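Chain and residue survey
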Amino acid sequence: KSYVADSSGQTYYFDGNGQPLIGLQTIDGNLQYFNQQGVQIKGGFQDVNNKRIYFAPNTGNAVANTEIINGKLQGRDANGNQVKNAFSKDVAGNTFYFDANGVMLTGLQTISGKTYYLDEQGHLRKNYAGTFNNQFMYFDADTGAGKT
Amino acid sequence: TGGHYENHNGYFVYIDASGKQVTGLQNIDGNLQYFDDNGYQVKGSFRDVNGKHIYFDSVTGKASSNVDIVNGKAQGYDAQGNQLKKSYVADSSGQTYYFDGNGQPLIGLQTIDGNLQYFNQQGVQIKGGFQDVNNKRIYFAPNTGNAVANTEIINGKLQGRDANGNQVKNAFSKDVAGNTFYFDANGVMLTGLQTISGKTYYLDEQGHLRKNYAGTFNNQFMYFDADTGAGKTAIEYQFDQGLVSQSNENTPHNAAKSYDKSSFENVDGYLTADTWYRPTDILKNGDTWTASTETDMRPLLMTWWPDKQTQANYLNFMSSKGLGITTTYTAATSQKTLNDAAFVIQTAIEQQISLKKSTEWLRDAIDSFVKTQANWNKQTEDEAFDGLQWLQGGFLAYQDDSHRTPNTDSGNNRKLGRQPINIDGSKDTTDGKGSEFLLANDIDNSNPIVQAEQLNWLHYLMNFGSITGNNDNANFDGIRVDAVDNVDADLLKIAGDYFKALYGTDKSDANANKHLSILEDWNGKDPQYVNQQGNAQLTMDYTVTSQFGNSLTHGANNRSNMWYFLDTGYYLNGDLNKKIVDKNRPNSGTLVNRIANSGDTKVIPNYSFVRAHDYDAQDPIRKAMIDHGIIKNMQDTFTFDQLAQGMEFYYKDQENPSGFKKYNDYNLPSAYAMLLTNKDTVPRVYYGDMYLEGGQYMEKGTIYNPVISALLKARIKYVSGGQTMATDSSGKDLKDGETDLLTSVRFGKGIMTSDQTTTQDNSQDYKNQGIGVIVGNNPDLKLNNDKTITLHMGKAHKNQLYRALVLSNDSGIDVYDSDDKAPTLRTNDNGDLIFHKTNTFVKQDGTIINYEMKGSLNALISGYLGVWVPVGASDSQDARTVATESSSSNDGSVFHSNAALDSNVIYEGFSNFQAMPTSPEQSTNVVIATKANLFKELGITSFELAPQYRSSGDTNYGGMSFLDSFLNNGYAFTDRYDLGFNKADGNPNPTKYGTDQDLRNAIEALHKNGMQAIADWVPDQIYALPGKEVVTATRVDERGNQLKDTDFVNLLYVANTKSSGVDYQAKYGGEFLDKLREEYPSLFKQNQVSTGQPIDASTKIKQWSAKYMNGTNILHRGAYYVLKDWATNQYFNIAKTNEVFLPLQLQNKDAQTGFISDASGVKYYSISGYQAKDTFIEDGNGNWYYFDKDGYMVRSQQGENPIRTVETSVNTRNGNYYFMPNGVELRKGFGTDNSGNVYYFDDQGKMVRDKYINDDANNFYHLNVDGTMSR
Amino acid sequence: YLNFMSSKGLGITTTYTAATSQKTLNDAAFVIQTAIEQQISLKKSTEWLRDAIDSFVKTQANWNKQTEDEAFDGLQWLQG
Ligand SMILES: OC[C@H]1O[C@H](OC[C@H]2O[C@H](OC[C@H]3O[C@H](O)[C@H](O)[C@@H](O)[C@@H]3O)[C@H](O)[C@@H](O)[C@@H]2O)[C@H](O)[C@@H](O)[C@@H]1O
Ligand SMILES: [Ca+2]
C-alpha cells in the first residue's frame, strides 16, 4: 500500500499484497490510471472505459485539459467527458469557454447575464481593464466577470 | 437533492425541494457551496462560516484549498477552511507556498521530504528556473520544485550545474530534459568519442551521451552500454549456459509410462501447462520408488519446463508454499542447480501427498502457479476494449489449418462480416466489412451446413407448439433477427424464403402481415438493402429513434430543434409552398417524410421505437449502479441483489418530481405521442416504459403508463388517413415570435390532405376520426401575448368540435378518458383549432376551464404536450384498415407500408433487468397468459417475447462473463432448443420466464386474443460449451482483422467449442430438414449470395464444435498454454504413436540443453533436448539471438553489415534485425551499419521505417522509408 | 495590535481586519487599554508591557527587516 519510484523516475502503486495495481484506481479522492505493466500514467491522455482522461505531470491525478481535435481546440473535464456549455481549464492554467456545440469561444461573451472577455486564443482574462462595450469595463480578478 | 439552480442578474441562486431560496453554507449533492444574505452564490472568493475560512472555486463555486493574505501575511487553508500547518498549498494563480509548524510560510532555502527547495521574499516557491542562493546557483524543477542538475548556455558555450548549485568540472552532469553530458577540467562540454577512467563513451555532435548504441567507433565494432553508455567489445558471449546433459538416476523413474493418451492428460492429443501425466515410477512418500498405478497422475511441471525462466519461477513459487528452502532463482541460474532443486521439491511433494492422502491440494497449487505466467494468462492475449471488444476484452479468429488442427478446419468457409452491405465481400478491405464478432462463441453462418441448421431451428420455433405439445395454437408467428450486422446476411434470405414457402407471405398483405417479423439492423444503409431485397422482414427506422434522442428524449438545456423532425431537405430548397421532391440528395434524411404524406409516394416499410430492452436501458441502469458505487465498471459482474439496489436509484431518478433525470429519458410521453400517430410505420412499445424495468414482471406500472395507454387506445379509435407535420420554426435559430412547437395531424380514414373535404368512396368514417398533436422541447417556453398556434385539422373537419385527450401542465399531464370529462374546442370554417398564450376552454356540458400554452417541467415532461381528438366518437370506433387477400402487388416484395400495415403495433414485452421470479405463479409467461386481454385492448397485434432459451447463467469457462448470461435474460444460452423443459429427473427447470408449458400457454392465450407471438432468433452465437478442442487462432478486432501489433497469429489455443451432445440440440438438431426438403425442394436448391452455394442439409448438427465457429472471445488461457518446443517451434503431441513428439526427458532419453560453440559457430539446445533452427532464442540474462535454418546463431563479421533480414517459421517475427558479434540482438536503440548509416530497432529488435521517433529526453529523430535516419 | 494583545488573554481573542469599522476598532482599543491598566495595577509594573510592545512591533513588516530588502550577494553575505 505504497508508491515507489524506480531508477527512471517511473511510478508504481503496490496494494495490500505487494502486487502492482493495473487500470483505473482511486487513491483517496485521487483518480489515477495504470498501464498493463503497472506503470503510472503521468502527463498524458488515456481512453479508460467509454471516456478520455488527462492525468497530471507529477501527481498523476485526473484533471481537466484541452487538446486540439482536427483544427479546433476541445475541452476535457476531470471525468473524461468532453465539455459543452461551460468553462474548462487546461493544465497550464488558462480557462476557456465551450459552447453547446463544444467549440471554444472567442472575444467578448455574455453568458448567464454576465460578460467575460476571451482573447484571440480563447483565454479568459481576469484582472483586465478595458473599454469593451465601448464603455469602460473591469474584468474581475476572481471570476473574470465584467464590473462597471 | 430535488432543488433547481436559477440564474438572476448574472448570479446563481438555488431554490430548495421545499421551494425556498437558499442562503448560507450548503452541501448540495456532495458539493460544498455558499450563498450571501441575498441568496446569490459565491465563486472565487473566501467566506467565514463557524470558525472556518473557506475558499470556493472561480468556475464551480466548490470548496477547495487556497492561500489568503490575512492581515499582513500569507496563510494557507484547506477545503474545509482550516488553517494548514506543515503542508504545501497551491493558490489560485497556480503558485506554491509551504507553511511551517506555526502556519507561517517558509522563505529562502529549505529542505523538505529530502528535497531541497527555494522560496522568494514573499514565501512563493520557485519552480522551473535558476536561482542564486548563497554563493552558488541552483536549478529547481518545473512542477516539484526540487533541486536538480541542469545546464545553461553561458556566452555561446553550454555549462553544467549540479544539484548543490556548483558548476561541474571533470564529470558527467544531466539537464532537466534527461540528456547526460560530460564536462572537462576547464568546464567545457566534450564531443565525440571519449575515453575517461579507462572506459570509452560516445557523445554525439550535441554532446549527448548515447546509451544502447551500436557503432564502429575505433574502426572496430563497439556496443555502448544501456546502463552507463560504456563501450563493450561485444566479443564475449553473454550466455551463461554451456551444453549440459540432464539425464541422471531419476530420469527413467520420472519418464512417461507411455507416449499416448493413457499416460497424458490432453486435448486433441496436445499437452497443456497444467497437464498431469503418469510417470513410470513414483517416489512415494519421498522414500522409495514404486511403479505407478494408472490412477497415479502427476503434474508435468514437477518434471518438465518450457524454458529456464519458467523453471526458476516454478521452483520459487513452490518453495513459497512450504515445499522447500525458499529460493531466489533466475533464468541465469545453472541448469544443473535448477534440476537438482526441482527434485528436492518433488521429494517434498511426495511427502505432502502421503501426509494429506490427497492430490487436490496440488492441482490447486499448480493451477495458481500456471496463471502466474504471462504465456499462460491473458497478458499474451492483447486484451483491448475499443469497438465491440468493449464487451469481452477481444476476439480470436479460428483458422483452417489441416496440418495441425484438422478437426477445427471449416472447409474454406468462415467468411467474416458478410453483413447486408458486404454480403458479397466487396467491402472486406474497408470499414464496410461487418463486425462478425460480438459475443461468446461466434457461429460460422457462412457455412451451408450451419445455414441449414439455422433453418431447422427456425422451423422448430415457428412450429414449437406442434412439436413440443402437439398444440397447433402454441406456435410462434414471426421472428426478430438478433444482431443482423454481425452475421452472414444469407440468413435473411433463408428466413424470407422460408416464410414465402410455408405461409405465402409474398402473395398478399394479409399473409405477410399474419407473420410480422422485425430486424435488429442498426447500420445506416440496412434499410435500403432490405428494401432492394423485397422487405421480407421489417427494417428498423433509426432516423426517427435518433431524432427523438436529439430533440426530446436526451438531455436538458441543449437539444436539437423540433424542426429537425421535418427533414425539409426532402423537398427541393426546403420549399413547403412548392413541394418539389429532391431526386438526388446526399443519401440522408429521415426514412419517411411526414410533412405532407398523402400516401401517394411509396416508402420503405418499417417499425420504429423510442426505447428498447437494449436501447436507452442497459447503459443508464449501469451508470446508475456505478454512480452509487455498486459496481466500478460497465463490464463488471453484478449480482441480482446489486441490481435491485441500483434499480431503486434508477426508479427514484425516473419518477423525480424535480423533473431532472440523470439516468432516465426525458419527454417519454411526448415521444410516444409522436410515435403512435405517425403514418407509414409499425410502432413498437417497450415494456420498460409501461412497467418498471426491474423487480417482478408487471410488478408496478411506470408514471408514464396512463398517458401511453391512452395514446394507444386512441390510436385504435382515431389514427388513420394522411398526415401533416410542421413546426413554428425555420431551422436551427428562432425568429422573435417563433416557439419551435411541432404540430402533427392525422385526418381520418379516407382523408389524405389538408384541403381534401371528403372521401372518394363517400364513406363517413373519417368525420369522427383524425387526431392533433402539439409538442415542445422547451420547459421554460412562454408565448408572446400576440402569438397564436394552429392545428390544421383539415378541410374535412370544418366547424367541428374537438376535445383534449392529453394536456401538460406544471404538475403533470392530464389524461381524459372520454369526451365529457375533457375541455372542448371547436374548429373554424377552414378547420383549424387556434390556440393563444391564454385560453379559456369550455367542457361540453360540465364546466368552463382555463389553460396556458406554457412549457412545463415535472416528472412526466420537459416541454409542451397537447393532444386533441374529435368529440362524438363511437364506443367501438375502429380506424384501422384490414389487410386484403388479393395479390395487390407484382413488385415481388413481402411487406408494403400502407394503412393496413400501420394498423399494427408491436409490444416488446420484457426487460433485460427483470428479477428472477420469486414464485412459479409470478413467472413472466404465466402473467402474460392471465393478462392477454389487456394488450388486445391497447391494440397490440404482435407481442415480442423475450428470447426463451435456457440461460448459460453463471457458467464461464474462461474470459469475461457477460450480463446477458448472469442476468439470465436468454440472449446468452448453452442449448438453443431448450426453452424451459424439465430436467430428465422429472423436476421443473423453468427459464427466467417459465417452463415450456408456460410458454405454450402464453402463446395460445395471445392467439385467443388475436395477437401474434414473435420469437427471438439468435443465430450469431452460443455460450458456455463444456467440451474443449485445440484451435489455430489469430487475435482480431470485431471485423476479424488481425490486430496490428500482435504476435498472436496462427497459435494453438484451447477453446471451449464442443456441445454436450446429450442436450436438446442433440435431440432436435437437423430433424426437420428431411421432412422439409421433401416438401419444398426449391429452398434446398436455391443459391445463397455470399457463398454461391445452396444450404447443405446432407449433414446434421446435433453437437457443436469448433469447425462450425468463426471464433471466440479471448478465454484468458495464454498464447502458449498449448505446449511447444522453442527450438523447433513444434508443439508436443501424443495422439498417434506414429507421429509422437515429446521432450526427451519424458521418453528416458538424454536431453542436452545450452549453447555450444563449434568451428562454424554457436548452436543451442532447448530444455527438451532439440536443436534450435529457424527460431529466436532468449538466454538466461535476457538477451535475444536468432538461429538460422542451418542451426547456427547469426553473428556480425568485421567489415560486414550487422543488419540481417529474417524470414522464420514464425511469420510475425519476420523483419530486419541487428546482430552483434556475440549474436545479441539490438533492441530499443540505434545501430550503425558498415557504411556509417544509422538505423533504429524497436522493443522487439525489428527495424523501424518511415516515421518520427521520440526520446525520453525530448530528442526527436526521423527514419526514412529505406530505414535510414534523417534526424 | 488588537489581535496580538487579545491573544495574550487581555481581551476576547479576535480576528480584526483593516476592513473592520474604525468605530469598532477604537472601542476595542479602549477595552484593551482598560485590561492593560488592570494588569499594571495587578503586577505593579510596566516591564511586562515593554516586552509585549517590543514583540508586537517586530511583528509588523514596516517595523522589521522585510521592508529593508535583506540580500546576501557580494559582501552583503556577511550581514544582510
Ligand atoms: O507533494 C507534491 C508537490 O506538491 C506541490 O506541487 C503540486 C503542484 O502545484 C501546482 O499545481 C497545483 C494546481 O492547484 C490548483 O489547481 C491551482 O488553482 C492550479 O493553478 C495549480 O496548477 C503547480 O503548478 C504544479 O507544478 C505542482 O506539481 C509542491 O510544489 C511540490 O514541491 C510537491 O512535491
Ligand atoms: Ca457473427
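Residues numbered from 1 in each chain as written, not as in the entry; some residues may be left out. Chains lettered and ligands numbered in written order. Part of a larger assembly, values for the part shown. Heavy atoms only, no water. Residues with missing side-chain atoms left out of burial classes, pairs and counts.

Per the deposited record, determination of this structure is attributed to X-ray crystallography, with the resolution reported as 3.5000 Å.

The PDB entry lists chain C under the name Alternansucrase, from Leuconostoc mesenteroides. Per the PDB record, the entry is named "ASR Alternansucrase in complex with isomaltononaose".

Identification of chain A as Alternansucrase from Leuconostoc mesenteroides is taken from the PDB entry.

Our next topic: the overall build of chain A. For chain A, the count of helices and strands is 0 helices and 15 strands. Against the 2.2 N^0.38 benchmark of 15 Å for 148 residues, chain A shows a C-alpha radius of gyration of 19 Å, more extended than a compact globule. Projecting the C-alpha coordinates of chain A onto the three principal axes gives extents of approximately 65 × 30 × 25 Å. Taking contacts inside chain A between residues at least 6 apart in sequence as the whole, the part at least 24 apart equals 26%. (Helix = DSSP H or I, 4+ residues; strand = E, 2+ residues; numbered from the N terminus. Rg over C-alpha atoms; globule rule 2.2 N^0.38 Å. Contact = heavy atoms within 4.5 Å.)

Residue and element names in this part refer to chain A. At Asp28, a position not held by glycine, the phi torsion is positive, near 55°. Mapping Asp28 onto the fold places it in the loop between β3 (25–27) and β4 (30–32). On the basis of relative accessible area, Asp28 is assigned to the exposed category, the value being 74%. The residue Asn49 is not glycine, and still its phi comes out positive at about 60°. (Buried < 20%, exposed > 50% of the residue type's maximum accessible area, 1.4 Å probe, protein only.)

A few words on the packing of helix α14 (residues 668–675) of chain B against helix α16 (residues 705–718) of chain B. Angle between the axes and distance between the axes are the two parameters that describe a pair of packed helices. Residues and elements named next belong to chain B. It is the contact of α14 with α16, at a shortest axis distance of 9 Å, that shows an interaxial angle of 10°. Of the possible angle classes, the one that applies to α14 and α16 is roughly parallel. Facing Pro669, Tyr672 and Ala673 of α14, the residues of α16 in contact are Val707, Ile708 and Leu711. Partitioning the contact of α14 with α16 into residue classes produces 6 nonpolar, no polar and no charged. (Axes fitted to C-alpha atoms, helices over the stretch in contact; angles between N-to-C directions. Parallel < 35°, antiparallel > 145°, perpendicular 65-115°, else oblique. Nonpolar A, V, L, I, M, F, W, Y, C, P; charged D, E, K, R; others polar.)

Residues and elements named next belong to chain B. With 13 residues, helix α20 (residues 996–1008) should cover 18 Å at 1.5 Å per step; its first-to-last C-alpha distance of 18 Å lies within 8% of that length. Residues of α20 that are buried: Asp996, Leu999, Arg1000, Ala1002, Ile1003, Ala1005 and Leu1006. Buried residues along α20 sit in contact with α7 (464–469), α18 (924–936), β52 (942–944) and β55 (1012–1017). Where α20 begins, one side-chain oxygen reaches toward the backbone nitrogen of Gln997, 3.4 Å away; that side chain belongs to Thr995. (Expected span 1.5 Å × (residues − 1). Polar contact = N/O pair within 3.5 Å; in protein donor to acceptor, adjacent residues only side chain to side chain.)

Residues and elements named next belong to chain B. Applying the stated criterion across every chain, the model contains 90 aromatic pairs over all chains. Consider the rings of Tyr570 and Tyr571, whose centres lie 5.0 Å apart with planes at 80°: the pair is edge-to-face. Put simply, the rings of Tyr460, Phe464, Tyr977, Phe981, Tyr1064, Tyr1068 and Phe1072 pair up and form one aromatic cluster. When the ring centre of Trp457 is taken as origin, the NZ or CZ atom of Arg976, which lies over that ring, is 4.1 Å away. (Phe/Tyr/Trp six-rings, centres within 6.5 Å; stacked < 30°, edge-to-face > 60°. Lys NZ or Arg CZ within 6 Å of the ring centre and 35° of its normal.)

Attention now goes to the packing of helix α11 (residues 542–553) of chain B against α14(B). Residue and element names in this part refer to chain B. Closest axis-to-axis distance for the α11/α14 pair is 10 Å, and the angle between their directions is 140°. Viewed along their axes, α11 and α14 adopt a mutual orientation that is oblique. Every pair of crossing elements has a handedness; the one defined by α11 and α14 is right-handed. Packed against α11, whose contacting residues are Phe548, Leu552 and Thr553, the element α14 presents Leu668, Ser670, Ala671, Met674 and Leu675 at the interface. Per-class residue counts for the contact of α11 with α14 are 6 nonpolar, 2 polar and no charged. (Left-handed = near helix turned anticlockwise from the far one by under 90°.)

Residue and element names in this part refer to chain B. Burial of the side chains of strand β66 (residues 1229–1232) extends over both faces: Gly1229 and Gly1231 are buried on one face and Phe1230 and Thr1232 on the other. In this sheet, β66 lies alongside strand β22 (residues 213–216) in parallel orientation, the contact comprising 2 bridges. Counted as the bridge partner of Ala214 is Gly1231 from β66. With 4 bridges joining them, β66 and strand β67 (residues 1238–1241) adopt antiparallel strand pairing. Within β67, the residue paired with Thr1232 across the bridge is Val1238. Linkage of β66 to β67, two consecutive antiparallel strands, is achieved through a turn of 5 residues, within which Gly1236 is found at a positive phi near 95°. (Pairing = 2+ DSSP bridges.)

This brings us to the interface of chain B and chain C. Contacts between the two partners involve 5 residues from chain B and, on the opposite side, 7 residues from chain C. Between chain B and chain C, a total of about 460 Å² is buried, with carbon and sulfur atoms accounting for 39% of that surface. One can count 0 salt bridges joining chain B with chain C. Put simply, chain B and chain C have 3 residue pairs in polar contact between them. (Buried area = accessible area lost by both parts, 1.4 Å probe. Salt bridge = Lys/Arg side-chain N within 4 Å of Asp/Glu carboxyl O.)

All names here are of chain B. As judged from the 4 bridges shared by strand β62 (residues 1175–1178) and strand β63 (residues 1184–1187), these two strands associate in the antiparallel manner. Bridge pairing in β63 places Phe1176 opposite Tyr1186. Between the antiparallel neighbours β62 and β63 lie 5 residues, among them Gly1182 with a positive phi of about 95°.

Moving on: the sheet that holds strand β13 (residues 129–131) of chain B. All names here are of chain B. Pairing is antiparallel across the open sheet formed by 3 strands, whose spatial order is β13-β14-β15. Of all the strands in the sheet, just β13 and β15 (147–148) have a single pairing partner and so form its edges. Bridge count between β13 and strand β14 (residues 138–140): 3 bridges; the pairing is antiparallel. Within the sheet, the bridge partner assigned to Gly129 lies in β14 and is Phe140.

In globular proteins that are soluble, nonpolar side chains generally tend to be buried together. All names here are of chain B. Core analysis: the biggest nonpolar cluster contains 225 residues, and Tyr314, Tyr460 and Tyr907 have the highest contact counts within it. When residues in this core are grouped by element, the largest group, 9 residues, is from helix α6 (residues 448–462). Not counting chain neighbours up to four residues away, the residues in contact with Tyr907 comprise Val685, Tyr687, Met690, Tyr691, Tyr697, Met698, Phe935, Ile940, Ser942, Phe943 and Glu944. Ranked by size, the runner-up nonpolar core spans 24 residues in total, among them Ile789, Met793, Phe835 and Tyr864. (Core = buried A, V, L, I, M, F, W, Y, C linked by side-chain atoms within 4.5 Å.)

As a further point, take the interface of chain B and chain A. Counting residues at the interface gives 17 residues for chain B and 15 residues for chain A. Between chain B and chain A, a total of about 1,200 Å² is buried, with carbon and sulfur atoms accounting for 48% of that surface. Our count for the contact surface shared by chain B and chain A stands at 0 salt bridges. Taken together, chain B and chain A are joined by 4 residue pairs in polar contact. Class assignment for the residues of the side of chain B that touches chain A results in 4 nonpolar, 11 polar and 2 charged.

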